[PDB]
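In case you want the letters, here they are:
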Amino acid sequence: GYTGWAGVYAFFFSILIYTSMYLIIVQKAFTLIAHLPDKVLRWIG
Amino acid sequence: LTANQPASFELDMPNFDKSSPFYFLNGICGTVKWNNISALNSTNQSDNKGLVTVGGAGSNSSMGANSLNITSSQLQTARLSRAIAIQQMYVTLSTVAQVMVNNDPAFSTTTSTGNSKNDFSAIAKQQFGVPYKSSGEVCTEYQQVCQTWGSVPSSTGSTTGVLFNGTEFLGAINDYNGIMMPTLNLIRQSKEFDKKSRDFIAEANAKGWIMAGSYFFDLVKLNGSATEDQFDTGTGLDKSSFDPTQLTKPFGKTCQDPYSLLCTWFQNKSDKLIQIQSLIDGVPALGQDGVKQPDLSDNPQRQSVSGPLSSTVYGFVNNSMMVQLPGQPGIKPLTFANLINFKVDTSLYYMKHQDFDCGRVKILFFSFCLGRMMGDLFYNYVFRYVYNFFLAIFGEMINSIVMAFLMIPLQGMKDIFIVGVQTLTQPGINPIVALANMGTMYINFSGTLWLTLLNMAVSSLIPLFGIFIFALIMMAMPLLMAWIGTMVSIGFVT
Amino acid sequence: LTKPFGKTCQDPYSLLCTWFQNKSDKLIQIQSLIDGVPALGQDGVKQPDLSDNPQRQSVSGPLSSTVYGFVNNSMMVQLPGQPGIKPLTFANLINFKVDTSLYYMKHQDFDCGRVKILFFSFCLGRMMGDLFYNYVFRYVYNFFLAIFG
Amino acid sequence: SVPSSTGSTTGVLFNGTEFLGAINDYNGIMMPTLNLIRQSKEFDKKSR
Amino acid sequence: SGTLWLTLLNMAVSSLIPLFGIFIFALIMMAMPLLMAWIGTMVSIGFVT
Amino acid sequence: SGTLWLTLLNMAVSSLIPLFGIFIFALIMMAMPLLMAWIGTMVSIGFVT
Amino acid sequence: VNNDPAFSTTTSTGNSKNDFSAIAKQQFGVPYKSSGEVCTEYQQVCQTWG
Amino acid sequence: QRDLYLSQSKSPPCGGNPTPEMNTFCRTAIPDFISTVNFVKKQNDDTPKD
């Protein structure tokens, strides 16, 4: 329970960090494209 | 009772039955508003048939931390507590108002013995009084503490007896608070430690190891809790209004709505309600300046009304808000006010009184100064009135806005960090939650201060002079923006 | 409707003025029926805001019997269907205690300085004060404030 | 009505539902045209 | 966000009051950081999403 | 730096003569980049040292 | 300029009805749509003149 | 207004020597105003028949 619009600012921060985290998850998930071939080359090579 | 109670109630003053012919007069003497108590809008069983229970633990509510039980009559008197307290306010102020009205010689239609000096002022035969320090001397500034109530010295040639001890207003205030205290007590029934702090643990086994991150704050209050008067807020009486000008609002060349019947009854002669206005704030019985509606907040820089102007209602309220009751003090003057010095003076722009050449126009056997009359009517009484009215408003306006634009850093930061240090200095207090509470207090203070600043900046739209309060906001924008950014960034981080 | 009239009526509806012989009473009655002025005061209700306004205020008293006021009052009632208008989440959280009564110009009575044109006694000072300040300055200022509210 | 509006009360000639009634009439007359306009919706071949 | 911004611009223009017109400037500047924070929040949120 | 800033604020506020102060307002706006540069210099210097 | 009655040496001998206004005796006209109806906004395509 | 004018058809302006526009106003009756507003016909006129 947050009094005043401290909850409103909490809402702002929560949605901001939600879409932020969405962005970093997408970006660090989409790195395999150029992340896995190099370590595969490390594996056989 | 099971339905949702009204959120807000308004009581326009006076009250009259619709059948009564004076229904148009409803609300001329202001309006007072009060909200409901939040003990009923939330999910809470309530019925008049029999026993009724109040809710504690179980959900996120503003109620107490324990489930209690009372009777229908007890909760009935509970939801009416605001009404009873405000009615006690009204009944205790009625005697003060009656004494004040009977004091006025103008309202005394019976023959009066005093003519020019046997009384105190044209609005009061007997002086109300001014606050005095604990020395018997005149207490002008609040910073020098005032405790007693003393009559003003012989500035009118005589000293009439006072009729108040200066404790009637605060007596009503703490009477209201004492009446309110039982209801808030009943609503506030440990409270810092809850068994539900554990309910997540089992649910954690339902999720798995990856979801252990989202439980972090729970663990903070899990290894934090284990290792580990009041005054009513939210009454909503601030929204109440009282405009003394509504009495003289209808009058004009030909009067009109809303209170046109008053004008017709008085035959378009408002010479009798202007006496009411002069009893309210002292115009024009004591000059054309008077004292406007006092701002009732934490204002240690408050200035007392001295002289005959102290014998008006607004001045009396302002003076009464100053006296320190025998109880504990609650207002501390700001620890650094000379740091921000404003030598702004409105005397530089005052327009003087000028004597024009008498333009001698002669009619057959008549003669008068047409030029002098035009000069001292169009300029000395029209331009001068408007300009001086704007300056008079601007004076106290800039005083208040300067106080508000001064009070942010010192008061806010010092108090918030002091309470943060105080809660941190006690061993066993959870540091993470203490920092979080400090940050949320910072956010709350910074935002509410910003909104009040915006409100007063808007309310500083006086012509010919608000442009430079505007310039004040612009020049302060870098420094004040630094202050607010500090506050909000600290709150966000912690 | 009252646009053309003046010292001499101009475009675009000069024909209406010439029909009415430069008299506007029959049309200012139309205006007073439409929004109130001046049968119910010099200033009355304005064109209503028909957007979704949860804090709309009903007009009361005689102003309830004008077209604009009637539309405004009608816009608030709820049809027999269940309510579907969401009031603002926190109206008391954001507050603006701004009162326009602070900047009101009152009605001052000037000294009736009598001039005596042979056997005609009248004070032109009071007339000048009532005309140029009490009725020209005051009305303009009050008009600005009323629009401002 | 409002009692003692000018010293007496008179009858009211409306129910406050004429304007909203006209609005509902407009919406009801409009609905068939928009219904013809809107006429799978959750799946399209183009996506493939 | 931008529709509400455009209607804000519309009403701010529509103030233009003689004498009391400076009120829109005072309010708009005292709210520009806060309102800008709100609008930038909305716009950046939409842009990332 | 801050004493000078507060003196500037006091002078600007006290420059409220009508019909002409809008151009002292223009002066403060115009000098805002220069004053910002200088005051930022001195205040950041103090913060660093 | 020849159209202006104010520049005509002789004054009007008949009613003002036969005239158009105090500046023109014969009006210039306005653009009209391709359908010959009164053209007010240029967004609507106006082609003829009438 | 026209009724009040016609009831005084012995005095100006409907009588005496009226100016032509006032004479025309005195002669012509008042047509119905509500009866002439019709949205379907207006939209049909605006829309090309094709």
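Residues numbered from 1 in each chain as written, not as in the entry; some residues may be left out. Chains lettered and ligands numbered in written order. Part of a larger assembly, values for the part shown. Heavy atoms only, no water.

**Q** I tried to follow the overall build of chain E on my own but got confused; where do I start?
**A** Helix and strand counts for chain E come out as two helices and zero strands. By principal-axis analysis of the C-alpha atoms, chain E measures approximately 45 × 20 × 5 Å. The buried share of chain E, taken over its 49 residues, is 24%. (Helix = DSSP H or I, 4+ residues; strand = E, 2+ residues; numbered from the N terminus. Buried < 20%, exposed > 50% of the residue type's maximum accessible area, 1.4 Å probe, protein only.)

**Q** What is the right way to read the packing of helix α10 (residues 370–424) of chain B against helix α11 (residues 431–458) of chain B from this model?
**A** The geometry of a pair of packed helices is captured by two quantities: the angle between their axes and the separation between those axes. Residues and elements named next belong to chain B. One can describe the packing of α10 onto α11 by two numbers: an axis separation of 10 Å at closest approach and a directional angle of 170°. Between α10 and α11, the angle falls in the class roughly antiparallel. When its residues are assigned to classes, the contact of α10 with α11 shows 20 nonpolar, three polar and no charged. (Axes fitted to C-alpha atoms, helices over the stretch in contact; angles between N-to-C directions. Parallel < 35°, antiparallel > 145°, perpendicular 65-115°, else oblique. Nonpolar A, V, L, I, M, F, W, Y, C, P; charged D, E, K, R; others polar.)

**Q** Honestly, the interface of chain B and chain A in this entry has me stumped. Any pointers?
**A** Where the parts come together, the accessible area they lose is often given as the size of the interface. Facing the six residues of chain B at the interface are six residues of chain A. Summed over both partners, the interface of chain B with chain A buries about 600 Å², with 75% contributed by carbon and sulfur atoms. Summed over the shared surface of chain B and chain A, the number is zero salt bridges. Put simply, chain B and chain A have zero residue pairs in polar contact between them. (Contact = heavy atoms within 4.5 Å. Buried area = accessible area lost by both parts, 1.4 Å probe. Salt bridge = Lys/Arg side-chain N within 4 Å of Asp/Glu carboxyl O. Polar contact = N/O pair within 3.5 Å; in protein donor to acceptor, adjacent residues only side chain to side chain.)

**Q** Is there a simple way to think about helix α2 (residues 20–27) of chain H in this case?
**A** Each full turn of the α-helix corresponds to 3.6 residues, which orients residues three or four apart in the same direction. By the burial criterion, the buried members of α2 of chain H are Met-22, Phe-25 and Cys-26 of chain H. Considered in projection along α2 of chain H, the buried side chains sweep an arc of 100° and stay on one side of the axis. Buried residues along α2 of chain H sit against α1 (14–20) of chain C together with α1 (2–6) of chain H. (Arc of directions from axis to C-beta.)

**Q** Help me out: how do you make sense of the side chain of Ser-320 of chain B in this one?
**A** Residues and elements named next belong to chain B. For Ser-320, the location among the structural elements is in helix α9 (residues 313–320). Looking at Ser-320, the relative accessible area reads 0%, which means it is buried. At 3.1 Å, the side chain of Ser-320 forms a polar contact with the backbone oxygen of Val-317.

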